[PDB]
Every structure is written in structure tokens, then in C-alpha cells.
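Peer 1: Here is the input, now give the coordinates:
(12 chains)
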Amino acid sequence: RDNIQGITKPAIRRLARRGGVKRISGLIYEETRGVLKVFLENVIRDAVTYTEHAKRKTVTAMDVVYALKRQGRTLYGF
Amino acid sequence: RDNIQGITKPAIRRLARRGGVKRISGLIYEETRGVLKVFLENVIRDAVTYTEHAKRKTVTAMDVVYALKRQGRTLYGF
Amino acid sequence: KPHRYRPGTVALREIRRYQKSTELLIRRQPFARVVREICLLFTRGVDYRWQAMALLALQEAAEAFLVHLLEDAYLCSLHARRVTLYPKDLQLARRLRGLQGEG
Amino acid sequence: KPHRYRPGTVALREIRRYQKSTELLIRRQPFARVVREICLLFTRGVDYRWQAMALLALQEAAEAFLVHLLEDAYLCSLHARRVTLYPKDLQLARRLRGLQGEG
Amino acid sequence: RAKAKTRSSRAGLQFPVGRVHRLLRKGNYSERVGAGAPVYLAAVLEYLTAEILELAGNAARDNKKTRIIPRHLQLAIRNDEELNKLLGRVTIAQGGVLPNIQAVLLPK
Amino acid sequence: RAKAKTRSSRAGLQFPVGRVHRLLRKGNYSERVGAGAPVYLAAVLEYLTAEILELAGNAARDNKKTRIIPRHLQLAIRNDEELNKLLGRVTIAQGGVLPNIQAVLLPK
Amino acid sequence: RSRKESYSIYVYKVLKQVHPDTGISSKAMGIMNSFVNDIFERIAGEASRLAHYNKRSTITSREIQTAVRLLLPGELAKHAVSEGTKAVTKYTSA
Amino acid sequence: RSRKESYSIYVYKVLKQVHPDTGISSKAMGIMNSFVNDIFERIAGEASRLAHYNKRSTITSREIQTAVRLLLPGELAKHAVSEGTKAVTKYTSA
Amino acid sequence: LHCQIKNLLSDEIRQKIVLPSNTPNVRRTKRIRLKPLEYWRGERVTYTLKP
Amino acid sequence: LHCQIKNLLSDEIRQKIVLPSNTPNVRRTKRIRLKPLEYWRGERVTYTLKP
DNA sequence: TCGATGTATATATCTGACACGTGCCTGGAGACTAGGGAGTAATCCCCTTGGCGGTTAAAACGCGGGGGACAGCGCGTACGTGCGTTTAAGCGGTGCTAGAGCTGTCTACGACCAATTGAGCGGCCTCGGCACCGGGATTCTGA
DNA sequence: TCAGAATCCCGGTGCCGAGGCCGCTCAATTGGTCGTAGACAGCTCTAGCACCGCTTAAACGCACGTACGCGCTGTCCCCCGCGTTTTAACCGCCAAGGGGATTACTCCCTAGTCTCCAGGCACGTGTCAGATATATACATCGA
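Peer 2: Numbering: from 1, shown residues only, chains lettered A, B, ... in the order given. Provided below are the atomic coordinates:
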């Protein structure tokens, strides 16, 4: 019932076959979870400070684009 | 003479030993030359564009730092 | 007598399918749950008004970042001349990402 | 009847030397000539003056950049479990650099 | 009073110039903005958008789509070498990835 | 009139809040730069300079030298978490590379 | 009843200068709006640090020209300087 | 011979404030001056972006709080923000 | 100026460099169009420079 | 505040984390000092946060 | 395992790039507008609930076999290396000169003013791509 | 090699963002002006930009030699794959209610202006650190 376990291994396999991989070890199903978790921590830790400076109890997509720009991987469309 | 071979092979060898290489194939003596050449052609064009904007007929140590800082690999002490 | 296909090869059919379909690949609700976990982890337990279109923006961004690093790891493992994949390949590619993957 | 010792091991002494020393590793005059070879290629042939401080700074930047990418290539080849080095290792490492060394 | 005119039409262009000069002088980049700056901006921006839309339409005509999907923009960006260098650190929402397969994964 | 007393001495610190506010005037970051913000900048720069020079002096003591050559600076910034994360894009003039060997390289 | 601004009509016009026959999605429109805003602020930041580097409070077309020379790769700069110089010779007629 | 700008007196002052016993090379002096100039311009650019994002044309300490929380990683930023709050409570008392 | 006709022939001397076609009332820039051009081993501008 | 004494003990529970020593008239910050901490498999701040 | 043997880790001294003195300003400290920023504020509008119920598109499990992955060994190879001439380059100094910085002094030129006007938000509406559904074309896999 | 099962066009069909489309009213835009940033002149030191000898670390080189990568069982194991069986997220949808972008207002408290004035900033000198001798534990290969 862990929230981190909500990322399912066929969806992990879905992104894997999006990346186009022949075979995968089963070990990766938590390693990708940890990588995604620390990346989400990296962007959310800045996004909450962004909306904290905005002094609102919301989180807009502009804040996420600013957080990705501060991470250095800027995003379009929003 | 041809001057592209000025960056000689034991310079690459001692740079490898500072990088900590046990053994190295001999083909690298031109591959390092190529990657150093394209790195130089990256930085020096922007540097001379900087000096050109100053209309300066010399190259100044601040300008190359501005070029690499724009390139994203910054350097202090100059 | 029934008989079915070789391993790997019909998964490449799904690979060619997914490289043609540009949609999201993560179920929205577990992803929203797991990021609400992190904002509870940073807002001293309180929750914030998560804008719904911002959620799918972050969903797509994390998906693109993850498939990028994934194929990077598969490329380094194929440089190691083995057709499958290991977490050590991801570990090397994470290490050979620089601080771009860390901010 | 003189006797010999093993290869490679004393090169590690040179590794420990060059890690302890922080000076340059490239000769001044050939590097100056090859870097004055490029303003021929960019300033329409008519060359420019320089600064010797600028020469030292570009020297240090090129040395640090090259040694960093070099040890990156060495460790990525060591991921392939072979202690020696090949230029294809550098091809992977520069390929798994992203848009950083090239802008 | 003399009849005025838009300075973009005096430049004969389609991107606005008074608007982007308002963007510049209040966007707080420097203090003094010369008159020749935002016309040069509008010129290079019109060229860049014409470039990306020309490649986008050349992508979209292959799938016979009248409207332009973000997948078309993604394929046009990552298919051209030049603008991909400009947009290396940029990603696209719902753009997907290219058809890009390693060589030796295919069998005999 | 008044007695000679600077704002940084009124701050009781060792970094010039007037010169910093002069930079914020000239550097074109806002049209109005507030009161306490250059105070905050001089404060955090004082702290960060303390952070680098503490480990710098520690490395210089461990190599027993009067002045600090930037080898100590390079060894100091690359022996923590945050400053290495702060200065990932930064290289050092005459700082060299760390003593750093791999595990498989050691024979027996 | 709030007023914002964007470039979507300008994107629609420059669509007609290349493709007078095709349509456009709004997702692509937001991509384009983000794109022009990003490249605008990027080149403006480069121009600001450039003018800071030569102690000039003024910014002319020369600064933008050197900025797109240093920032844009390849023949994009070659066509961009021709576009800009042609546009300023067009505008300086009046 | 007109004027040159550095922070070298302040670098030496904070050096003796932390270590009254040792010295510094001029190479390290230039390293430190360039370091604090880079850190200052980076945090000032982030502060300008931040004040741009909520249309506060002023910039006060409150932008700097979120700015140094944004740029500096973790407990480094924690000690820095406590240092800055302590200094502004010192200054606002005076 | 006219060197795009020369540089295209200088690029024909074999590899995948998309020549821009010609259609009226379109923008249709004279920017020469390239292969995706993998960079870690690719070619460079050695023949599109003006002497 | 005083949690640095607790967080140091929270980190003492088989790792190389340099606690800062104590000497008068020096700055000697309370900034916790770390191993170089390889990042791709490293630990994180899971126990130096205020609940 | 014990021993020669080329290291580098001590040690004495002997010059030469640095840190405090020092006039000297030129950039920093007091007084006071005024007009953007904090604060209130009610108000519509998205979003977070908890629900439905269908549902189906996904997760778990077993087999299953097949096809990679170390594994180690056989073994030609090519780079390591250290002596042996060799070279050129980083040394010293030496005009020198063209070009980087410093004032000067005008002169074109961007902010800061009234006043229209057109263009981008706001329903709106065909409406036509187009997502979607049935159906009939293609191309992997053993016998 | 080729049924046969999995996929790529092909015609139809509701449908719902969407691209003009009308209104509209808030910033561009003309005029002009006014201090003023800088363009240009010109002058003056100065740092590469060439020169000369010198001497010393590099440059093949090669002779063993040794790791090292094809390759081959091999084996085993683990993992597509695939069918079956749960199963739970997803999708309209009600509703709700409540926080949050307002605009409106309404003070308040930080940039300019001016006037003193003094701590950073270009010039000198006694150094500790690089440099040069012993010497020495000390790793590194014989058998």
C-alpha cells in the first residue's frame, strides 16, 4: 500500500519499450522508482519555495517550468 | 610546419596519467587532437566575437572567460 | 498444436508502437498520489491546491526525462556489448550525466 | 646481468605524481602556435594579438576540460571491464555528455 | 493630427515591434534600448518561426494532417541538426520520441 | 553634522553593503533595490567566504604552508557535498585534480 | 474579464507566409508561445550581459547581432544577420 | 591608474576573522574575488527573475530568502538563511 | 551571396544534406538543411566558409 | 536549533560524516561536513529534517 | 621470503614575490518627497473531496523454454619501457610598435510627456479533421 | 515456405476544439525636447611580437611480454510471453465549498538630491617557500 510502489512494473516496462530495450533485469523496478523519487524531490523542493514566494497555497504549472529551468531542463507548452 | 601536430603524443600520455590511465591505444593521438580542435573552435569563435564587439585587435583574458561562461563550463581566477 | 513467437521480437513490435504513439505512459492517479506524498513531505504535512493541468505537465516532463535517461543507460549497456539491461548500466549513465541530472 | 621490473606499475607512480602536482602539462610554444592557427580560420586570415594571461587561462581550461573528459572515458571503459583504453570509449563518453561540451 | 502607423508595418513585418519594445524597456534588461534593437529582434524571430513552421508543415504534409500536432514539431526539431543544438535542453509536451532504433538489435 | 560611521559598521560586518547596493544600482537587476537586501547579500557572502576559507585553512594546515595555493581550494571544494554541487560548472586555475584512484586498478 | 497577451495571431500570420493552406493545434500554439518567449528572454539576457561587458547603457542592433552570432549555431546566424540587416535597411528607409 | 575593483581587503579581513595565523596567495585572491562576483551575479539574476514573476518591481530581503533557498543545496542554505536572518535582526535593531 | 549553390555542391561531394526546395508565396528560407548529424563523430564546417 | 546534536547522532547510526570541531576565536560553523558522497547511489537527507 | 634498487620522504640554506605603511580621493553617509507596495476584501471559479458504477485495461502467476551471460581457457597480439641519439623549446635578454586606456567635446538620440485606434480577450458557430468503429489489405513463424 | 495470426490502410460517422468573427477599449504612436551616452580625436604607455643563444626534456624504437579479446561450451537462469485470474484505476458526473485572482482602495515608507569626508587603492620592503644538496625507509621484482 506504499505510495512509492504505485509506479507499476508494466508501466516501467512501458517506458522501457518506449526506450526500446531487448531484455531488462527485474531489479530495476525499484531503482527507477528511487531515481524518479529523487528527481521529483529535486523539482518539488524548489517548486514549493516558488509558490511560497508567490505566497499562495497552490502550485501552478509556471512554477514547475521555473523549477525545471532551475534544474536546467526547460519545458515548453505551458 | 603543419602545426596541428604541435600537441604531441607524450603530452597526451602525461595528460592521461593525470587522468589516471593504465594503458591506452595509440589511435587516440589524433582523436584527442580532434576533440581539442572542436572544443577550441567552439570557444575561440565566441571569444573573437567578444573582442570584435569591443573592436579590439587583441584577445583579452576576460573575454575567453566570458566565452566559456556562456559555454557553461565556468572558470575562476582570471 | 498451437505455437507462438520468439522472445524479444514481438516486444519490438510494441517498441515500434510506443515510438509512434506520443501519449503519456503513466496512469495519472498513482502519479498524482505519489507526488502528493512528496508535497506532504515538504509542506510540513499540509496539502496544497495542486493545479490539475500542472500535474500532467510534470507527468510528461518526468516521463520524457525518464525515457531519455533510460535509453542513455541502454546505449551504455549496448556499448558494453550485452543485449539486456542491468541497474549498473543506469548507475553508470547516472554517474556519467554530470550535475545536469542532479541540478 | 641487469634485471627489469613490471610495466604499468611505475606509470601509476606518474599518476600519483601528476595528481600531486597541479602545474601544466602542455608545452607553451606549440600550443600557442596551434591556438594562433585558429584565428586564421576565424578572423578572415588576418591574425590578432593576444594576452599571455589569456593564453594561460585557455591553457588551463583546455587542460582541465580534457583531463576531466579523459577520466570520464576511463571510468566508462572500466564499466566495460577492461583496464586498457580505446577511442570508442571516448566516443561513448563524449556522446553521453549531452549538449555541454558543444553548447 | 497626422495619421499614425504601426512601426512593424513601417518595417513591413508581421511580428509586433512596439509591443516587443514595450517588452524590452519594461522587461528590465538594460536601461537604454535603442531604436534598432526590437526591429532586429522581430526580424530574427520571424525568421526562426518561419524556419520551424516550414519544417513543421513539411512534417505534417507527410501524415496528411491539416493541423500541426506537437509530434510534428518534435520530429522537425530532432530531425534537423541545427535547431536541435539550439533546443538541446528543451523538451516538448506530447512530442514523443523519434523513430530511433539501434542497428544490431535486428536479427538476420 | 554627523559622526563618521558606515552602514556596514552599523551592520557590524566585514562586507560593504554600500558597495553592494552600488552594484545593485549599476547591475540593472531592478529599478528599486530595497533596504535590507544588500545587507542580506553581504551577510550571506560573509558566511560563504567563511565556509570556503575554513576548509582552505584546514587544508593549508594539513600541508603546512603560510599562504594558500589554490590546490587547497580545489581539494576543499571537492571534498563536501554542497560546494561541489554549487561549483559543478566551475574549474580551478592551478588547483589540479583530486587524488582519486579506482578499485580495480590496484594490483592484488 | 482579465487582459493577457500572447502571439497566436502573429503565429497564425507567419503560418500564412509559409503555409496558406494548413491548420494548427493549440498545443502547438502554446509550444510556439513558450518558444518565442524563451528565446526572447535568452537573447535579451545575452544582450544585457554583453552591454554590461563593455560598460554601455545603450543597446543597438550591433549588440543583438553579436548576440545572435555567439548564441545561434551554424548558418542560422548567417541567415539571421541577413534577415536583420535587410529589415533594418527596410525600416531605415522611413 | 584610474580605479580597479576587487574585494581583496574584505577577503583578507574575513580571512583574519576566521584565521589570524595564516596567509593567502594572490592566485587564491583572484579565485575568491571571481567566486564572490559569480555567486553575487547568479543570486542577483535569480532574484530578478523572482521579482519579475510576481511583479514586485522592488527587491527586498524576502526575495533573497527564497533565492538562497532555491540556489543553495540544503543545510548549506539552512545555515546561510539563519546567518542572514541573524544579520538583519542585528541591523534592524540598530 | 550565391555561394549556397557552391556550398551545396561542396556538400554533395554522398551525405544526407537536405537542399531546400522552391515554392512561391512561402517563406522557404535559403538555410541549408542537414541530416540529424550525430556530433561525437560527425563532420563540421570545413567547406561552408568564405575565403 | 539544538537538533545538530541529535542529527549528528542520527548520522552516527556506520558512515563518514565529519562533525565540526570546536575552537574559540574562529568562525567554526555548525555546517555539517560530509564524505564526498558519490551521488548515483548515495544517501540523502531523510533524517535531518524538522517534523 | 629475504634482499638489491630506484624512489620520495626528511633537512639545511638561499634567494625572491608578497603584506602592511600611505596620501588621496571618489565613492559612500544624513534629510525628504511621492508614488508603487502591503493590506483588506467579497467574489466568482477550479479543485478537492467522496461518492456512484462500470469496466476494462491493466497487474500477478506459472511455465517454459530458450537464449544470452558470465567463465575460463587458448592464444597471437600491441602497447609498456628504458636505454640511445636528437631536437626544439622554454628558457634568458631587446627593440618596438601598434594598439589598449584616458580625456575632450560635441551631437544624435531615448525617456516623457497628450491622443487616438487597432487588436487580442469574449461568446460562437459551423464544422471538418478527426478520433473512433467495422472491415479488408499487409508480414513473422516453424515444418 | 507459407497458413495464420498480428498489424496497416479504407470507408463512414458523430463531435467537439477551433479558426475566423464581431465588439471593444487599453496600450502604440505621433511630436518634440532635452539632458546626455557616446563617437570620434588624439595621445601615451606597454605588452605581445618579433628577433638572438642554450640546454634539456622529449622522440623513435624495440624487445620481450603480457593481458586480452574471439569463441566455445555451458548452463542456467531468468525472463519474454502469454494466458488466466483478479483488480483497481479510470471516466462521467454531482456537488460543494472554499481558497484565490482579483480590482478597488488606501495609506506608507523606500529611490533621488544634495553635502561632507575617509576607508579602499596605487607605490615600497623583509620575508617563507621553491629550489638544491644528502639520505632514507620503502615499495618492487628475483627464487
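Peer 1: mind listing what's buried in the strand or helix carrying residue A:10?
Peer 2: If you go by DSSP states H and E, residue A:10 is part of helix A:9-19. For helix A:9-19, the neighbour count (16 or more other Cβ atoms under 10 Å in any protein chain shown) marks A:9, A:11, A:12, A:13, A:14, A:15, A:16, A:17, A:18, A:19 as buried. Placement of C-beta: from N, CA and C, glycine included.
Peer 1: repeat for stretch C:38-49
Peer 2: Buried residues in stretch C:38-49 (16+ other Cβ under 10 Å): C:38, C:39, C:42, C:43, C:48.
Peer 1: Nearest residue to the fourth one in space, please, no chain neighbours.
Peer 2: Residue nearest to residue C:43 in three dimensions, not counting chain neighbours: residue A:48, with 6.2 Å by Cβ to Cβ, 6 or more residues apart in numbering or on different chains.
Peer 1: Tell me how many other residues crowd that neighbour.
Peer 2: Using other Cβ atoms under 10 Å in any protein chain shown, residue A:48 has 20 neighbouring residues.
Peer 1: how much space between it and residue A:64?
Peer 2: Going from residue A:48 to residue A:64 by Cβ to Cβ, to the nearest Å gives 11 Å.
Peer 1: who are the neighbours in contact with the nearest residue to residue C:94 once chain neighbours are set aside?
Peer 2: Spatially, and ignoring its direct neighbours in sequence, residue C:94 is nearest to residue J:40 (4.0 Å; Cβ to Cβ, 6+ apart). Residues counted as contacts of residue J:40 (Cβ atoms under 8 Å, 6 or more residues apart in numbering or on different chains) are C:91, C:92, C:94, C:95.
Peer 1: Smallest gap between chain A and chain I, at which residue?
Peer 2: Closest residue of chain A to chain I, Cβ to the nearest Cβ: residue A:20 (16.8 Å).
Peer 1: That residue and residue C:17 touch, don't they?
Peer 2: No - using Cβ atoms under 8 Å, residue A:20 makes no contact with residue C:17, being 10.9 Å away.
Peer 1: which one of the two has more residues nearby?
Peer 2: residue A:20 (23 against 11).
Peer 1: check contacts around the closest residue to the more buried one other than its chain neighbours.
Peer 2: Excluding the flanking residues, the one nearest residue A:20 by Cβ to Cβ, 6+ apart is residue C:15, at 4.5 Å. Shown in contact with residue C:15 (Cβ under 8 Å, 6+ apart): A:17, A:18, A:20, E:101.
Peer 1: So residue C:15 versus residue C:96, what's the distance?
Peer 2: Applying Cβ to Cβ to residue C:15 and residue C:96 gives a distance of 24 Å.
Peer 1: In contact with the residue nearest in space to the middle of chain E, which residues?
Peer 2: Against the mean C-alpha coordinate of chain E, by Cα atoms, centre = their mean, the closest residue is residue E:49 at 3.3 Å. Applying Cβ under 8 Å, 6+ apart to residue E:49 gives the contacts E:15, G:11, G:14, G:32, G:36.
Peer 1: which among those residues end up buried?
Peer 2: E:15, G:11, G:14, G:32, G:36.
Peer 1: Among those, which lie within helices?
Peer 2: Those of these mapping onto helices are G:11, G:14, G:32, G:36, per DSSP state H.
Peer 1: wait, which of these is closest to residue D:65?
Peer 2: Taking Cβ to Cβ as the measure, residue D:65 lies nearest residue G:36 of these, at 33.4 Å.
Peer 1: quick revisit: how about the buried ones among the contacts of residue E:49 in TSV, adding distance to chain I?
Peer 2: Shown next, in TSV, are these (distance: Cβ to the nearest Cβ, whole Å):
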residue	distance to chain I
E:15	13
G:11	13
G:14	8
G:32	15
G:36	16
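Peer 1: tell me the two of the residues you listed that are most distant?
Peer 2: Longest span within those, Cβ to Cβ: E:15 and G:32, 11.9 Å.
Peer 1: Identify the contacts common to the two.
Peer 2: E:49, G:7.
Peer 1: can you narrow the buried residues of helix A:9-19 to ones near DNA strand L?
Peer 2: For DNA strand L, no contacts are drawn from the buried residues of helix A:9-19 by Cβ under 7 Å from any atom of the strand.
Peer 1: Now do the helices in chain I.
Peer 2: I:3-12.
Peer 1: Would you tell me which residues of it are close to chain B?
Peer 2: Counting by Cβ under 8 Å from any Cβ of the partner chain, the positions of chain I adjacent to chain B are residue I:44.
Peer 1: Need the residue closest to the centroid of chain I.
Peer 2: Taking Cα atoms, centre = their mean, chain I has its central residue at residue I:32, 3.5 Å away.
Peer 1: quick one: contacts for that residue?
Peer 2: Residue I:32 neighbours (Cβ under 8 Å, 6+ apart): G:75, I:4, I:7, I:8, I:11, I:17, I:18, I:19, I:20, I:48.
Peer 1: just checking, residue I:4 touches residue I:30?
Peer 2: Yes - the criterion here is Cβ under 8 Å, and residue I:4 meets it with residue I:30 at 5.6 Å.
Peer 1: If you count surrounding residues, which of those two has more?
Peer 2: Under the neighbour definition other Cβ under 10 Å, residue I:4 and residue I:30 were set side by side, and residue I:4 has more, 17 against 10.
Peer 1: how close does that one get to residue E:76?
Peer 2: 21 Å.
Peer 1: what's the answer for residue C:86, then?
Peer 2: 35 Å.
Peer 1: repeat for residue G:39
Peer 2: Noted for residue G:39: a distance of 16 Å to residue E:76, by Cβ to Cβ.
Peer 1: again, but for residue G:2
Peer 2: On the measure of Cβ to Cβ, residue G:2 and residue E:76 end up 34 Å apart.
Peer 1: Show me which of these two is the more surrounded one.
Peer 2: Between residue G:2 and residue E:76, residue E:76 has the larger neighbour count (other Cβ under 10 Å), namely 23 against 3.
Peer 1: List the contacts of that one.
Peer 2: Counted by Cβ under 8 Å, 6+ apart, residue E:76 has contacts E:52, E:55, E:56, E:58, E:59, E:83.
Peer 1: nearest to chain D, of these?
Peer 2: The nearest one, if we look at the contacts of residue E:76 relative to chain D and count by Cβ to the nearest Cβ, is residue E:83, at 12.4 Å.
Peer 1: can you give me how far the strand or helix carrying that closest one is from the chain middle?
Peer 2: Remark: residue E:83 resides in helix E:81-86, with elements defined by DSSP H and E. Distance of helix E:81-86 from the chain centroid (Cα atoms, centre = their mean, to the nearest Å) equals 12 Å.
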